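Report on the structure given below.
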Amino acid sequence: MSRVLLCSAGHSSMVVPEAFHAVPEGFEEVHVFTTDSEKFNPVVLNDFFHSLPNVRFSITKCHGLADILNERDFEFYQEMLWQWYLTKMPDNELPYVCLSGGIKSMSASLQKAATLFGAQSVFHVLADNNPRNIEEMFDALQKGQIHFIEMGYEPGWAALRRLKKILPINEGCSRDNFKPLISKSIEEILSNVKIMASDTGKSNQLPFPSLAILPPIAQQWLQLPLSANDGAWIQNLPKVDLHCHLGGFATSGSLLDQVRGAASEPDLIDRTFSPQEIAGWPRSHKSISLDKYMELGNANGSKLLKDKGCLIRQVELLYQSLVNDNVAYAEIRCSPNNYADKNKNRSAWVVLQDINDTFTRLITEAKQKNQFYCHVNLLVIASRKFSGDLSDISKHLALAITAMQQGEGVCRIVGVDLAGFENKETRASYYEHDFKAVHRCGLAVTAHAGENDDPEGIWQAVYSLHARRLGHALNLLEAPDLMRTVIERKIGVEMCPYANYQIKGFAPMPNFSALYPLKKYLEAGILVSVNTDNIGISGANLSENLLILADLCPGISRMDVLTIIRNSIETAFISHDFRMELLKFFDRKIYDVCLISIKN
Amino acid sequence: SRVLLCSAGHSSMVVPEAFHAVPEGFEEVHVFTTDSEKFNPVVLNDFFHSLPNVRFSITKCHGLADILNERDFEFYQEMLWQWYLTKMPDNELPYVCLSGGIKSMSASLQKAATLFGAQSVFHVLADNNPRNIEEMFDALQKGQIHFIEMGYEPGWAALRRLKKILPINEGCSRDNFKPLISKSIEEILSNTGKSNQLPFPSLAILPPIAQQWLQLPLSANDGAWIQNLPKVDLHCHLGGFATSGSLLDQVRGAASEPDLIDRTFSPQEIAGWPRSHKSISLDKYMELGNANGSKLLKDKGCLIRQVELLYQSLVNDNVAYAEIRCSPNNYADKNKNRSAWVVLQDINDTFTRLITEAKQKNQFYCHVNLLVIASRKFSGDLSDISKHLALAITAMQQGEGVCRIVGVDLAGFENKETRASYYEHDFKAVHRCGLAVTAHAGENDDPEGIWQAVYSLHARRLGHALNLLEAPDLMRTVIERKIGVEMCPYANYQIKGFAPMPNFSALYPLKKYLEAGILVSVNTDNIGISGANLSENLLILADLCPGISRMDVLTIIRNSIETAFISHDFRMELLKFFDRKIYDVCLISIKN
RNA sequence: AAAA
Ligand SMILES: Nc1ncnc2c1ncn2[C@@H]1O[C@H](COP(=O)(O)OP(=O)(O)OP(=O)(O)O)[C@@H](O)[C@H]1O
Ligand SMILES: Nc1ncnc2c1ncn2[C@@H]1O[C@H](COP(=O)(O)OP(=O)(O)OP(=O)(O)O)[C@@H](O)[C@H]1O
Ligand SMILES: Nc1ncnc2c1ncn2[C@@H]1O[C@H](COP(=O)(O)OP(=O)(O)OP(=O)(O)O)[C@@H](O)[C@H]1O
Ligand SMILES: Nc1ncnc2c1ncn2[C@@H]1O[C@H](COP(=O)(O)OP(=O)(O)OP(=O)(O)O)[C@@H](O)[C@H]1O
Ligand SMILES: [Mg+2]
Ligand SMILES: [Mg+2]
């Protein structure tokens with residue numbers, strides 16, 4: 001807690017100590033703006049506050065203006081004062097303001113600034129002597145001559161105070177190229193209120209993260225369709241990834257080599273599989289069969305992560321890639337049974353516990369140093385095998401159910417994945433009774449609909465399995481009833497632009513004329529979420545997946561990207577309170593990044 | 001308007017120099033000052049006499065001088081606010097300058113201007129500080145006197161009804177003071193998911209004072225605000241509206257055959273109704289509605305009159321969307337060849353005709369959709385559920401119409417045989433046909449029944465269901481699956497009994513449900529039986545659930561919108577209209 | 001406590 005005290009004196013320097021001793025409770029620091037006029041005496045303030053080293057103090061000098069004469073001088077001074085105020089809030093709390101010194105215009109400007117950005121209390125100091133000595137204020141306050149007038153209490157706009165990140169890179173705002181950016185901010189607020197009032201039709205609604213305060217130029221830029229040039233804005237955007245397999249993250253290249261390196265014992269590590277030739281990845285120009293695409297990732301996965309060191313390195317690298325992409329929430333699909341090995345007492349449960357422990361350690365160590373971190377949950381993928389061993393699905397479900405009971409931990413199991421061969425041999429109809437247990441235990445269910453997904457199959461998945469999220473399902477608009485049901489039941493679809501681009505084949509690949517249905521789904525209201533599926537085999541992260549929508553779905557707007565992020569948040573398997581916290585954080589970060597992108 | 005506003009001090013220059021702030025002449029200027037003898041009005045009066053058109057008004061703050069004391073400052077601030085509101089121009093915002101006066105008075109005037117609106121806040125300055133009016137003429141001729149204006153201010157639209165609630169009070173002292181606005185200002189931050197749950201994103205454009213007032217707890221005195229709100233009703237039985245009073249008389253008098261109408265029997269009255277101080281069983285609750293219903297609505301004319309009166313009451317309550325539950329078989333007789341289908345068609349046609357007529361006249365209209373009630377064990381054999389399900393499925397195919405059947409409702413009386421887990425067999429067709437399922441899983445129902453209705457019957461909404469707090473697993477299942485609960489505060493308060501009704505200590509779980517995240521909605525059940533429309537049903541929350549905020553009421557309305565059985569395309573435009581209306585009413589209801 |  002720090003009670004920053006703000007004041008400003010014309011030439012009479014007695015006001016600042018008067019304000020300091022107005023409240024005998026004491027404060028933490030005082031910051032005062034003053035002109036560069038020679039009539040002002042900072043030596044008195046320096047020597048008076050030097051007696052209290054425990055309280056910080058500073059003086060900011062407005063160069064180039066001894067006094068306010070014309071409109072230009074006052075405007076530039078107001079810009080400078082707004083900037084200095086912006087650099088001097090408490091990190092979380094509000095400051096205090098006094099208006100006993102200075103000219104009328106500058107005091108009114110300071111009060112306007114306090115109203116705009118908010119303050120704990122706005123007051124003045126009054127005395128019946130107006131003295132000039134310093135060894136008399138103590139006698140005046142002992143007798144009671146000092147009078148303080150408290151009138152102000154104001155929250156301001158949180159969004160209008162969120163722009164403390166716009167000020168720097170301004171070389172001191174010299175006269176030759178001065179930029180009144182806080183003047184642009186006040187034009188922003190005035191314009192927002194004026195379009196809100198004088199207009200009714202165009203000023204109705206549209207913001208999905210409830211921003212509604214960005215400058216109107218920012219809103220117009222958001223409405224315009226994005227291009228491949230918006231990669232800088234997309235990269236800074238806090239994104240959500242919901243479909244990201246753990247075993248298909250580092251399948252080739254330097255990441256694969258360095259995950260092979262820290263693999264505990266390197267004796268059992270062998271150089272198997274190979275990348276695919278003529279495939280101009282990640283922007284392939286030919287369809288790839290699902291089996292061949294899966295085999296492309298065989299370099300890393302079930303046969304490689306069987307040792308603890310390799311698995312730990314893989315998950316650490318995945319978390320590093322996620323945080324490097326500004327992904328603020330992720331849900332990693334992992335198959336613990338694949339990496340289980342009873343030979344070394346490495347069951348599926350201990351593999352899942354290792355993944356959970358390393359993710360929690362990474363998130364906690366990132367939170368301790370106060371840096372960007374990716375809160376990641378896990379999905380126990382209950383894949384279909386049916387090479388015998390029908391108990392495999394039951395074991396996966398039981399492990400997923402019993403893994404929730406950890407209770408604590410920043411990383412936790414949230415749901416299961418119904419992947420596998422989506423053929424009619426393993427439709428969702430048979431498992432209406434297996435999944436009563438998984439539903440009663442609070443787990444969520446996500447399903448795969450990559451191929452041979454008849455609308456009856458998806459109906460069974462969303463009505464018998466009660467899947468709250470679907471995978472791919474690129475042919476929803478073929479069946480209008482299925483699309484209507486998905487719309488009404490508010491279930492989301494995990495659509496991966498690169499995986500669907502390569503596996504199924506969409507425009508502008510030659511000999512393929514099918515259009516990507518992401519834009520049509522968004523218009524229909526489908527809670528679509530752009531994901532990665534496999535960072536390794538697909539070869540691209542979430543930023544590139546969002547960028548490619550400029551080509552797969554022409555005319556897609558940036559506001560639609562914000563809609564996609566909001567839908568990913570809404571369809572995520574998280575509790576209500578955590579969802580609201582995530583929504584607040586995403587709103588704040590979206591506001592900041594939009595302001596930065598529009599200004600630069 | 002064209003009104004200037006300024007403060008006075010030692011020098012009288014301030015008003016003459018501010019007079020020519022506009023470059024094309026001004027209309028009328030007013031001055032506020034204290035009782036200090038230093039100020040002379042003679043110079044300003046003489047200077048204004050040269051221009052007889054301008055209205056000169058001088059107001060002296062009685063009994064105050066130099067504003068040196070805390071109480072003196074508070075007195076001056078209160079009188080300044082009263083004078084500012086009394087001198088508030090009717091339509092156009094006024095200009096204001098604050099160069100003169102003490103820093104304290106200047107700050108108070110700036111706060112007043114930024115709180116009640118201002119056409120512009122500006123300043124006057126002169127390098128040489130002139131004294132003789134000849135020096136002002138010289139200054140305007142050779143142009144040193146600049147005009148300093150930090151930027152045009154919007155001001156907050158609604159703070160002017162205070163000038164109506166307070167009289168002139170020419171004679172005043174320290175006895176009279178109104179902390180009406182300072183009470184909301186003090187509690188601005190003096191009081192986690194509140195801000196995150198902010199619905200209707202245009203609420204961010206609201207004034208910070210208005211936003212703070214929105215965060216304040218609900219009170220019984222803001223019925224005027226709660227009435228002007230556009231609300232959504234999702235649980236409103238058609239046959240429980242015109243039960244007693246003039247409504248019953250005018251719905252009976254419009255019957256085609258008044259001879260067969262029984263005008264003798266009337267429902268009993270309970271003291272304190274609708275805020276009954278004693279609990280009542282559900283059977284007697286339905287008994288109150290015996291005046292209307294099946295035995296009355298058989299006649300076509302009276303049924304049409306009932307529908308028209310219900311729509312008129314919905315519009316009068318400023319409800320912008322409703323989902324009326326009707327049981328066509330209850331009002332269908334074969335004596336005059338009146339099947340259930342023709343009854344449903346008559347209700348639908350009356351509703352769509354009313355909506356179209358109101359829309360073509362560009363008035364406020366309530367969009368109405370119908371729910372077909374599939375009652376259990378009412379008329380004997382249980383083929384009625386199948387007949388009603390088929391009726392709903394066929395009636396949803398009509399296509400054309402602003403009013404359409406959107407789903408079915410399942411009705412259970414108390415418990416056990418009235419459980420929502422016996423008829424799971426019929427509902428595959430109704431799910432696949434595009435309809436939505438709602439269950440009356442209320443009035444002390446066990447968690448297993450609600451769970452079965454949620455999962456086996458795929459119900460999208462649950463009626464009442466006040467016992468979710470005792471089943472945390474069920475509560476989590478409801479929360480994560482985004483299944484709304486429609487609770488009627490008045491019906492539950494009258495039947496179940498909660499605080500502050502005497503002899504009962506249980507408290508309504510409305511606030512707890514809102515905090516948990518359940519998409520809870522507030523409805524009317526039966527307007528006639530409960531004797532309470534949606535406005536007062538929402539208002540009674542401030543009494544049943546203390547600490548509920550107005551922003552929580554807005555969240556309740558948003559939840560009602562979200563859980564409605566509407567298409568996404570219609571939902572988007574409904575949300576847009578609701579956001580605009582909410583912003584408009586909030587911007588013109590902080591006025592009190 | 002720079003046109004108190
Ligand atoms: N698109 C998919 N469709 C069906 N099942 C999938 C899909 N992606 C992953 N899986 C499941 O995850 C595993 C994929 O292959 P594998 O068993 O070898 O482990 P992995 O590490 O996750 O991937 P990889 O094959 O690259 O090693 C299988 O269990 C598979 O059922
Ligand atoms: N990667 C993240 N970085 C920062 N905050 C996050 C992140 N992910 C989630 N959050 C949320 O932000 C808050 C973390 O910081 P904290 O709890 O101290 O509140 P805060 O500091 O006011 O918010 P912020 O960190 O955004 O400034 C939590 O509400 C958390 O849910
Ligand atoms: N609280 C309730 N519980 C169960 N069923 C209800 C409830 N309220 C209304 N109903 C249903 O409405 C009908 C009850 O009465 P009725 O059939 O005579 O016509 P009504 O207009 O809906 O109400 P009433 O005539 O009793 O005033 C039944 O279909 C019943 O299932
Ligand atoms: N009671 C209502 N009053 C006004 N508009 C409503 C009402 N209910 C719904 N609306 C919405 O207003 C629009 C109805 O009028 P219409 O479809 O012709 O467009 P509009 O005239 O441009 O909008 P508005 O009626 O608000 O001026 C729809 O978007 C509708 O969802
Ligand atoms: Mg996948
Ligand atoms: Mg009911």
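Ligands are numbered from 1 in the order shown, chains are lettered A, B, ... in the order of the structure tokens, and residues start at 1 in each chain.
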* Asked: Within 10 Å of chain C, which residues of chain A show up when using only C-alpha atoms (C1' of nucleotides), listed as a ChimeraX atom specification?
  -> /A:9-15,67,100-104,125-127,129-132
* Close residues to ligand 6 using only C-alpha atoms (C1' of nucleotides) and all ligand atoms, limit 8 Å, as number ranges by chain -> B: 235-237, 411, 440, 463, 525-526
Can you pull out every residue with an atom within 6 Å of ligand 1? Use only C-alpha atoms (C1' of nucleotides) and all ligand atoms and format it as a PDB file with C-alpha atoms, in the first residue's frame.
ATOM      1  CA  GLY A 247       2.610 -36.299 -28.158  1.00  0.00           C
ATOM      2  CA  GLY A 248       2.547 -34.306 -31.388  1.00  0.00           C
ATOM      3  CA  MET A 294      -0.376 -39.684 -37.945  1.00  0.00           C
ATOM      4  CA  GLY A 297       4.456 -37.814 -36.083  1.00  0.00           C
ATOM      5  CA  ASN A 298       5.829 -41.263 -35.199  1.00  0.00           C
ATOM      6  CA  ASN A 300       8.074 -38.613 -31.124  1.00  0.00           C
ATOM      7  CA  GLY A 301       5.324 -40.002 -28.937  1.00  0.00           C
ATOM      8  CA  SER A 302       4.410 -43.355 -27.429  1.00  0.00           C
ATOM      9  CA  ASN A 338       0.931 -44.726 -24.211  1.00  0.00           C
ATOM     10  CA  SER A 383      -8.844 -43.327 -27.483  1.00  0.00           C
ATOM     11  CA  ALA A 419     -10.701 -39.852 -30.071  1.00  0.00           C
ATOM     12  CA  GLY A 420      -9.847 -42.980 -32.062  1.00  0.00           C
ATOM     13  CA  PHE A 421     -11.228 -44.514 -35.231  1.00  0.00           C
TER      14      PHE A 421
END
* To do: Please identify all polymer residues within 12 Å of residue 304 of chain B, counting only C-alpha atoms (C1' of nucleotides), omitting same-chain residues fewer than 4 positions from it, and present them as an MDAnalysis selection string.
  => chainID B and resid 238:239 250:252 254:256 296:300 308:311 331 343:351 353:354
Those same residues, written as an mmCIF file, in the first residue's frame with N, CA, C and O atoms?
data_model
loop_
_atom_site.group_PDB
_atom_site.id
_atom_site.type_symbol
_atom_site.label_atom_id
_atom_site.label_comp_id
_atom_site.auth_asym_id
_atom_site.auth_seq_id
_atom_site.Cartn_x
_atom_site.Cartn_y
_atom_site.Cartn_z
ATOM 1 N N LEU B 238 -50.463 -19.143 -19.178
ATOM 2 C CA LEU B 238 -51.502 -18.335 -19.808
ATOM 3 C C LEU B 238 -52.771 -18.302 -18.967
ATOM 4 O O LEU B 238 -53.431 -17.262 -18.869
ATOM 5 N N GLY B 239 -53.129 -19.426 -18.355
ATOM 6 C CA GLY B 239 -54.382 -19.521 -17.640
ATOM 7 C C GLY B 239 -54.376 -19.004 -16.223
ATOM 8 O O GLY B 239 -55.386 -19.129 -15.526
ATOM 9 N N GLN B 250 -63.794 -8.272 -17.074
ATOM 10 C CA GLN B 250 -63.741 -7.898 -18.481
ATOM 11 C C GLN B 250 -63.340 -9.056 -19.384
ATOM 12 O O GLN B 250 -63.526 -8.961 -20.601
ATOM 13 N N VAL B 251 -62.798 -10.138 -18.828
ATOM 14 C CA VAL B 251 -62.578 -11.327 -19.640
ATOM 15 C C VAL B 251 -63.815 -12.226 -19.657
ATOM 16 O O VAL B 251 -64.020 -12.972 -20.619
ATOM 17 N N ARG B 252 -64.647 -12.172 -18.614
ATOM 18 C CA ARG B 252 -65.908 -12.902 -18.631
ATOM 19 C C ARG B 252 -66.944 -12.201 -19.500
ATOM 20 O O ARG B 252 -67.718 -12.862 -20.202
ATOM 21 N N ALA B 254 -66.566 -10.597 -22.180
ATOM 22 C CA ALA B 254 -66.287 -10.762 -23.599
ATOM 23 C C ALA B 254 -66.527 -12.182 -24.086
ATOM 24 O O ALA B 254 -66.246 -12.475 -25.253
ATOM 25 N N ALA B 255 -67.025 -13.067 -23.227
ATOM 26 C CA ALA B 255 -67.336 -14.423 -23.649
ATOM 27 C C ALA B 255 -68.465 -14.416 -24.671
ATOM 28 O O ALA B 255 -69.375 -13.584 -24.622
ATOM 29 N N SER B 256 -68.393 -15.357 -25.615
ATOM 30 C CA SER B 256 -69.406 -15.431 -26.662
ATOM 31 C C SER B 256 -70.773 -15.778 -26.085
ATOM 32 O O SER B 256 -71.802 -15.291 -26.570
ATOM 33 N N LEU B 296 -63.315 -21.887 -17.807
ATOM 34 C CA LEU B 296 -63.697 -20.586 -18.341
ATOM 35 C C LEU B 296 -63.241 -20.366 -19.773
ATOM 36 O O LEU B 296 -64.020 -19.876 -20.591
ATOM 37 N N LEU B 297 -62.008 -20.737 -20.104
ATOM 38 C CA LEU B 297 -61.421 -20.435 -21.403
ATOM 39 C C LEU B 297 -61.919 -21.346 -22.519
ATOM 40 O O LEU B 297 -61.331 -21.337 -23.605
ATOM 41 N N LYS B 298 -62.970 -22.135 -22.286
ATOM 42 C CA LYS B 298 -63.522 -22.953 -23.362
ATOM 43 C C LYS B 298 -64.092 -22.084 -24.474
ATOM 44 O O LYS B 298 -63.923 -22.391 -25.661
ATOM 45 N N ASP B 299 -64.773 -21.000 -24.112
ATOM 46 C CA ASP B 299 -65.346 -20.103 -25.104
ATOM 47 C C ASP B 299 -64.246 -19.424 -25.910
ATOM 48 O O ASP B 299 -63.229 -18.990 -25.363
ATOM 49 N N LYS B 300 -64.450 -19.344 -27.226
ATOM 50 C CA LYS B 300 -63.441 -18.747 -28.093
ATOM 51 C C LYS B 300 -63.243 -17.269 -27.783
ATOM 52 O O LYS B 300 -62.106 -16.799 -27.660
ATOM 53 N N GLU B 308 -55.459 -11.286 -25.341
ATOM 54 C CA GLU B 308 -55.250 -9.860 -25.570
ATOM 55 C C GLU B 308 -54.909 -9.135 -24.276
ATOM 56 O O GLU B 308 -54.009 -8.289 -24.248
ATOM 57 N N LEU B 309 -55.616 -9.455 -23.191
ATOM 58 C CA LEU B 309 -55.345 -8.812 -21.911
ATOM 59 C C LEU B 309 -53.970 -9.192 -21.380
ATOM 60 O O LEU B 309 -53.265 -8.352 -20.810
ATOM 61 N N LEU B 310 -53.574 -10.456 -21.549
ATOM 62 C CA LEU B 310 -52.239 -10.872 -21.134
ATOM 63 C C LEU B 310 -51.166 -10.116 -21.902
ATOM 64 O O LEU B 310 -50.185 -9.647 -21.314
ATOM 65 N N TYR B 311 -51.336 -9.982 -23.219
ATOM 66 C CA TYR B 311 -50.363 -9.233 -24.006
ATOM 67 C C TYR B 311 -50.332 -7.766 -23.597
ATOM 68 O O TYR B 311 -49.259 -7.154 -23.533
ATOM 69 N N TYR B 331 -58.369 -26.077 -22.835
ATOM 70 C CA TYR B 331 -59.338 -25.126 -23.364
ATOM 71 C C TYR B 331 -59.999 -25.621 -24.643
ATOM 72 O O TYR B 331 -60.593 -24.827 -25.379
ATOM 73 N N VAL B 343 -57.309 -24.471 -30.839
ATOM 74 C CA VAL B 343 -57.089 -23.580 -29.702
ATOM 75 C C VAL B 343 -55.681 -22.999 -29.750
ATOM 76 O O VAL B 343 -55.478 -21.790 -29.568
ATOM 77 N N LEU B 344 -54.688 -23.854 -30.005
ATOM 78 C CA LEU B 344 -53.316 -23.371 -30.125
ATOM 79 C C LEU B 344 -53.181 -22.398 -31.288
ATOM 80 O O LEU B 344 -52.485 -21.383 -31.181
ATOM 81 N N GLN B 345 -53.841 -22.694 -32.409
ATOM 82 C CA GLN B 345 -53.791 -21.804 -33.562
ATOM 83 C C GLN B 345 -54.437 -20.463 -33.251
ATOM 84 O O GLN B 345 -53.946 -19.418 -33.685
ATOM 85 N N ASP B 346 -55.545 -20.470 -32.507
ATOM 86 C CA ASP B 346 -56.185 -19.216 -32.128
ATOM 87 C C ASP B 346 -55.282 -18.387 -31.227
ATOM 88 O O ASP B 346 -55.160 -17.171 -31.409
ATOM 89 N N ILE B 347 -54.635 -19.030 -30.251
ATOM 90 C CA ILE B 347 -53.717 -18.305 -29.373
ATOM 91 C C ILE B 347 -52.567 -17.716 -30.183
ATOM 92 O O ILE B 347 -52.212 -16.538 -30.034
ATOM 93 N N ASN B 348 -51.979 -18.530 -31.063
ATOM 94 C CA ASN B 348 -50.859 -18.074 -31.878
ATOM 95 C C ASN B 348 -51.270 -16.923 -32.787
ATOM 96 O O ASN B 348 -50.533 -15.939 -32.925
ATOM 97 N N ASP B 349 -52.443 -17.025 -33.412
ATOM 98 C CA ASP B 349 -52.890 -15.985 -34.327
ATOM 99 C C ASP B 349 -53.209 -14.695 -33.589
ATOM 100 O O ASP B 349 -52.897 -13.607 -34.078
ATOM 101 N N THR B 350 -53.822 -14.790 -32.406
ATOM 102 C CA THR B 350 -54.066 -13.586 -31.621
ATOM 103 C C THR B 350 -52.757 -12.913 -31.233
ATOM 104 O O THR B 350 -52.615 -11.689 -31.360
ATOM 105 N N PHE B 351 -51.779 -13.699 -30.774
ATOM 106 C CA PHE B 351 -50.503 -13.114 -30.379
ATOM 107 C C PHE B 351 -49.797 -12.469 -31.565
ATOM 108 O O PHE B 351 -49.284 -11.349 -31.455
ATOM 109 N N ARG B 353 -51.139 -11.365 -34.381
ATOM 110 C CA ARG B 353 -51.879 -10.188 -34.817
ATOM 111 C C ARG B 353 -51.593 -9.000 -33.912
ATOM 112 O O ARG B 353 -51.372 -7.885 -34.397
ATOM 113 N N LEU B 354 -51.575 -9.221 -32.594
ATOM 114 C CA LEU B 354 -51.264 -8.130 -31.677
ATOM 115 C C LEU B 354 -49.851 -7.608 -31.903
ATOM 116 O O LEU B 354 -49.630 -6.390 -31.942
#
* Contacts of residue 330 of chain B at 12 Å or less, counting only C-alpha atoms (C1' of nucleotides), minus same-chain residues fewer than 2 places along, as a PyMOL selection string? -> chain B and resi 238-239+292-299+303+326-328+332-334+338-341+343-344+372-375+378-379+384+388
* To do: Considering only C-alpha atoms (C1' of nucleotides), extract the chain B residues located within 12 Å of chain C and return them as an MDAnalysis selection string.
  => chainID B and resid 7:14 36 38:39 65:67 99:106 123:131 145
Nearby residues (only C-alpha atoms (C1' of nucleotides)) at most 12 Å from residue 406 of chain A, same-chain spacing under 5 positions excluded, as a PDB file with N, CA, C and O atoms, in the first residue's frame:
ATOM      1  N   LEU A 352       0.770 -39.626 -15.679  1.00  0.00           N
ATOM      2  CA  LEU A 352      -0.133 -38.484 -15.579  1.00  0.00           C
ATOM      3  C   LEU A 352       0.252 -37.581 -14.415  1.00  0.00           C
ATOM      4  O   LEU A 352       0.194 -36.351 -14.525  1.00  0.00           O
ATOM      5  N   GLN A 353       0.649 -38.177 -13.290  1.00  0.00           N
ATOM      6  CA  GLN A 353       1.083 -37.389 -12.143  1.00  0.00           C
ATOM      7  C   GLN A 353       2.349 -36.606 -12.456  1.00  0.00           C
ATOM      8  O   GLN A 353       2.506 -35.472 -12.001  1.00  0.00           O
ATOM      9  N   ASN A 356       1.265 -33.649 -14.585  1.00  0.00           N
ATOM     10  CA  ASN A 356       0.597 -32.674 -13.730  1.00  0.00           C
ATOM     11  C   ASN A 356       1.599 -31.927 -12.860  1.00  0.00           C
ATOM     12  O   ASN A 356       1.525 -30.700 -12.728  1.00  0.00           O
ATOM     13  N   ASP A 357       2.551 -32.652 -12.269  1.00  0.00           N
ATOM     14  CA  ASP A 357       3.514 -32.037 -11.367  1.00  0.00           C
ATOM     15  C   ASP A 357       4.418 -31.059 -12.101  1.00  0.00           C
ATOM     16  O   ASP A 357       4.668 -29.955 -11.608  1.00  0.00           O
ATOM     17  N   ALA A 400      -8.977 -41.060 -15.571  1.00  0.00           N
ATOM     18  CA  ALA A 400      -9.398 -39.669 -15.674  1.00  0.00           C
ATOM     19  C   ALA A 400     -10.284 -39.269 -14.501  1.00  0.00           C
ATOM     20  O   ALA A 400     -10.152 -38.164 -13.962  1.00  0.00           O
ATOM     21  N   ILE A 401     -11.196 -40.154 -14.094  1.00  0.00           N
ATOM     22  CA  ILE A 401     -12.088 -39.846 -12.982  1.00  0.00           C
ATOM     23  C   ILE A 401     -11.303 -39.706 -11.686  1.00  0.00           C
ATOM     24  O   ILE A 401     -11.518 -38.764 -10.914  1.00  0.00           O
ATOM     25  N   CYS A 411      -2.752 -26.928 -12.215  1.00  0.00           N
ATOM     26  CA  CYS A 411      -3.068 -27.767 -13.363  1.00  0.00           C
ATOM     27  C   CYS A 411      -3.869 -28.974 -12.895  1.00  0.00           C
ATOM     28  O   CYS A 411      -3.483 -29.645 -11.933  1.00  0.00           O
ATOM     29  N   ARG A 412      -4.980 -29.244 -13.572  1.00  0.00           N
ATOM     30  CA  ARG A 412      -5.877 -30.308 -13.149  1.00  0.00           C
ATOM     31  C   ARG A 412      -6.561 -30.911 -14.365  1.00  0.00           C
ATOM     32  O   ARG A 412      -6.631 -30.298 -15.433  1.00  0.00           O
ATOM     33  N   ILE A 413      -7.061 -32.129 -14.189  1.00  0.00           N
ATOM     34  CA  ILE A 413      -7.814 -32.811 -15.235  1.00  0.00           C
ATOM     35  C   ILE A 413      -9.217 -32.223 -15.288  1.00  0.00           C
ATOM     36  O   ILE A 413      -9.860 -32.030 -14.249  1.00  0.00           O
ATOM     37  N   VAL A 414      -9.697 -31.932 -16.495  1.00  0.00           N
ATOM     38  CA  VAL A 414     -10.984 -31.267 -16.649  1.00  0.00           C
ATOM     39  C   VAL A 414     -11.948 -32.118 -17.464  1.00  0.00           C
ATOM     40  O   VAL A 414     -13.169 -32.003 -17.310  1.00  0.00           O
TER      41      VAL A 414
END
* Point-to-point distance from atom CA of residue 84 of chain B to atom CA of residue 160 of chain A, Å rounded to tenths -> 28.5 Å
